[PDB]
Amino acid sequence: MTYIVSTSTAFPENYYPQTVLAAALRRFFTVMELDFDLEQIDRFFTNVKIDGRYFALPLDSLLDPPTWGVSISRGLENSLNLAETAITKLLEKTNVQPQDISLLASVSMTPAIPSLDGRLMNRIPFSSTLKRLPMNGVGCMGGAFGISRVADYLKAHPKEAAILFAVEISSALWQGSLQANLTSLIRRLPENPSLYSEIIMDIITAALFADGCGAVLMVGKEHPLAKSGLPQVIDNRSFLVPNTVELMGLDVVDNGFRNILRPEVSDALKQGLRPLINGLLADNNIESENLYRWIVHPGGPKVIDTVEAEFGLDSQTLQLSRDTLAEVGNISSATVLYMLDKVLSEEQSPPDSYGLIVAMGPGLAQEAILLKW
């Protein structure tokens, strides 16, 4: 099995209260004379249950946005800076030399060819023969997805150590994509009311997603750092719900990027969540009521409610999902790593207690990881 040894996070300098971000979007609507009810901005910025968010990229780009390449360059540079900080903090706290890392796995939606993990090799003295696992196309689920893929690798390499990091810059959407699309949709709205749901989805995207980075150090069973107090990855499983590609994803469009998040995600989630988790738990002779801890990615407050209702959970079991959403918002693939970092600073989990990491993302795909302390 694989041992999760330590975690770290990194955030940009500028933390904005959710009230400030809502007012920023309201002002953009108002200065632009867009015929749309401003109360819907407040409604969805309130209903997402987020108190504030880190933005790596400027907020003033709302009114006058820079060029595509400039924003792309800034997102790439900020992603590298956060990833380097998270990895350096992780290595320092574990007293692990970079040359003793065998695999560096990455998940990020920031366009990077070569990948972020390759570029970091020029900032941190990894050995030039470092193995890399640059993953993409997984979106919000990438944090849990990466843990599973690294655990599968360390199954065959019990002596090795691996680092996984997840970094996302959701503020790139505020650099011109959200502005151009909301303007076009609202101005074309009078001629066809079918665009109303499209405007709402873009407002929800502006309300929900934030910037951040998390990292995790994972080692094989025979590594010196594999100690009995640590969570062990004992199994993992993926699930993809058929014919749900259009429900969630990130599309490249004329206006830049467009985040896709349809309201039918919550009901498609039910089609995959219980078959995924029930099968994983049963195949390990575990019942869900005996799980000591849940670590569920907060795609939204509705997603948390759906997971709670589907498994009949007491409403403080997923409190970490709600607290994380309030503190940092939805930071996409990095969120579950941030949450895992919070757990590892809680008191020592009772021995032999079982935990579950659950994430959902484009696909529509779900990832489940069974942990044991």
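One-based numbering along the sequence shown.
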{"query": "Check: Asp64 without coordinates in a third or more of other entries", "finding": "yes"}
{"query": "Unmodelled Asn278 in at least one third of other entries with both flanks present", "finding": "no"}
{"query": "Of 139-147 and 282-290, the one with larger mean CA B-factor", "finding": "282-290"}
{"query": "Mean temperature factor over C-alpha atoms, higher-scoring stretch between 92-100 and 218-226", "finding": "218-226"}
{"query": "Residue selected from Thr205, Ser71, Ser238, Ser170 by maximal Cα B factor", "finding": "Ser71"}
{"query": "Deposited CA B-factor, highest of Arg119, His297, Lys131, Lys270", "finding": "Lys270"}
{"query": "Third of the chain, ranked by Cα B-factor, where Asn181 sits", "finding": "middle"}
{"query": "CA B-factor ranking of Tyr54, expressed as a third of its chain", "finding": "lowest"}
{"query": "Entry-reported Cα temperature factor of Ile331, expressed as the chain third it lands in", "finding": "lowest"}
{"query": "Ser353 - Cα temperature factor, lowest/middle/highest third of chain", "finding": "highest"}
{"query": "Entry-reported Cα temperature factor of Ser108, expressed as the chain third it lands in", "finding": "lowest"}
